[PDB]
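Let's start with one chain on its own, the form deposited in one PDB entry, as structure tokens.
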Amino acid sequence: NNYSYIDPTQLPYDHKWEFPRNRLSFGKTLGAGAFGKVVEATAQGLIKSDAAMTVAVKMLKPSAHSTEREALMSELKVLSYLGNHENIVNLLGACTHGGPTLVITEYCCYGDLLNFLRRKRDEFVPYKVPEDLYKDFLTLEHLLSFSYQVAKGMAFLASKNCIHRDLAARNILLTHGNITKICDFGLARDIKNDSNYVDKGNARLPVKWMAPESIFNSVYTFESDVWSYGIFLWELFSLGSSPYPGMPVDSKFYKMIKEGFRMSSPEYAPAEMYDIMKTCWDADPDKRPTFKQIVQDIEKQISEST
């Protein structure tokens, strides 16, 4: 089962979310996997004054089977259960009557964070971008803010007993004002053809982001998400590089993780952020920081840079 602690079969779908599907107008695909996709759409009458707005809509493809139909309804129940939160992609509505399940969220102006970092990598500026302000250079200040916002969103998920299990820059969205939103593409990512997912047993898993207890024992906990957040930090401060660069996931990789090999600091990581990474990758889950502790650590770093 994919729910470590919460039980979505006992969580109620709040009908306040229900939206008439005929008021959606579908546009371009934002991401697609084997069985699901997310599309841009315009929603009419979602706003009380009958102004139009752009949203993102998740739906299954005709390729989908009963398992995926149940999974999408479970996902909707979990998002409804989580409720509103500024660091999580905002649920706006859903369509459950009169057709297949549709899940409607806000549209995030700048897309996923991994591609944003790669797009901005070549013009990154560590300190002090004035006359150059119009270019919207990526700065160290932004990276610290991203780390802080994702940690705050993850502390929220943990406070709801929710385990992400695929925390990574590809599952962070960026909107106006350098604001991040944790999401989960899930079935709307083509993991079959994504080299960041690796065949393990009968599954395709994000092995380079996974804690050892998740790889070898299929254990998913608050503490295993913290390990993934450590890998996410490495992506962030390497400006979108793939982790363990040049290492295939093979028997040698699993042995090195078990033996205690860990990545060195990426080129742009402040020492105190690498400190967080190292503690997130402790072999002992009980010695990793909590997300709440990470939030307090990074908040101090941000106030000390200013």
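All residue numbers refer to positions in the sequence shown, first residue = 1. Whichever C-alpha set is largest while still superposing within 1.5 Å between the two forms counts as the rigid core.
A second form of this protein, the form deposited in another entry, is not displayed here; the remarks below concern that form.
Residue 9 shows a C-alpha shift of 2 Å or greater between this form and the one not shown [criterion: core-superposed Cα displacement of 2 Å].
Annotation: residue 6/residue 146 CA-CA distance longer in the other form than in the displayed model, change of at least 3 Å. Distance between the C-alpha atoms of residue 6 and residue 149: longer by at least 3 Å in the other form than in the displayed form.
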